[PDB]
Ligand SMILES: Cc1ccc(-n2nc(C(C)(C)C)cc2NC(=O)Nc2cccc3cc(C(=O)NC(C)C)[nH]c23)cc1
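First, one chain by itself in structure tokens, the form deposited without the named molecule.
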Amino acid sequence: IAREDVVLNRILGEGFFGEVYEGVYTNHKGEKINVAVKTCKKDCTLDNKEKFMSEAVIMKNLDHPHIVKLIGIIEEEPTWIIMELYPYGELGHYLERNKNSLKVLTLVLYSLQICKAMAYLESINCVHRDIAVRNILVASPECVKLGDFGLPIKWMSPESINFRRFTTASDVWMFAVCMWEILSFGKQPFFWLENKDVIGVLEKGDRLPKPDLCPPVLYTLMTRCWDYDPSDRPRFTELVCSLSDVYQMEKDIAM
């Protein structure tokens, strides 16, 4: 990718490392792909600049149908990381707009897709730390994509909050919170608390309540993921199998 092949159109948002621009990339066969162009502030530390690149290289290599796609990298300053722009935007906002139309079938589908992404991450012992509907993009009405790697106290396992310990097991906790968000049509977890109060409530043994439209079987699954003991939590491979079963059941009920 040469820089000329990309045209910047407007500001998209601010990212951790620097501004993100909305653009269009014209590929070799002449097609036009909508892109998000991530940049790195000129004031950044060498450690920051390296991290930006090293995260980019991970996104480049994942190539998974439920993780956001990287189009290309322009290393030459100003460094651009060119990501696919998805039309429907963030899953959280998407759920909010379409709460009247979306049925449980589709909500379980999105959960399943994210679970599969995480099973792949699990397989390379890569810890994500940002499984939330704000960081999931809607590519199509029946296809969601986990965004980039990761504080989100209301989403975090006890061991993450207390100690900043992050493992695949803490990701499982967080994935369940994410499923709770999906079945709740984009509600913030523990929206009734201050961040300070969360670990307190968690320590007591209190959990997020079952969303109205969440099937009991799925809530039971969430409850296992929120076991205080990270060793007792299901693995993502097991969860894919469970969610596959629930999905198929909900599909047949729907038809």
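Throughout, rigid core stands for the largest set of C-alpha atoms superposing within 1.5 Å between the two forms. The numbering used is simple: start at 1 and walk along the sequence shown.
The same protein has a further form, the form solved in complex with the named molecule, not shown here; the description that follows concerns it.
The site is blocked: after superposition of the local C-alphas, three or more atoms of the named molecule, taken in the entry with it bound, come within 2.4 Å of this form's backbone or C-beta atoms. Only one segment in the set 98-106, 173-181, 80-88, 154-162 has residues whose heavy atoms sit within 4.5 Å of the named molecule in the entry with it bound; it is 80-88. Of the listed positions (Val240, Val24, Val246, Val20), a single one reaches within 4.5 angstroms of the named molecule by any non-hydrogen atom in the entry with it bound, namely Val20. Only one of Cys214, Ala36, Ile33, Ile199 lies close to the named molecule in the entry with it bound, with a heavy atom inside 4.5 Å, and it is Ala36. Taking the partner from elsewhere, no residue among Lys116, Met222 and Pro234 has a non-hydrogen atom within 4.5 angstroms of the named molecule in the entry with it bound. Contact between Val144 and the named molecule in the entry with it bound is not found at the 4.5 Å heavy atom cutoff. Residue contact with the named molecule in the entry with it bound: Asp227 places no heavy atom within 4.5 Å of it. In the entry with it bound, at least one heavy atom of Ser54 sits within 4.5 Å of the named molecule. Proximity of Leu121 to the named molecule in the entry with it bound falls within the 4.5 Å heavy atom cutoff.
No residues of 88-107 lie near the named molecule in the entry with it bound, the criterion being any heavy atom within 4.5 Å.
Measuring CA movement between this form and the one not shown with the rigid core aligned, the set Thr45, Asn195, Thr220, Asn61 has one residue at 2 Å or more: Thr45. Put the two forms on the same core and the Cα of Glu77 is off by 2 Å or more between this form and the one not shown.
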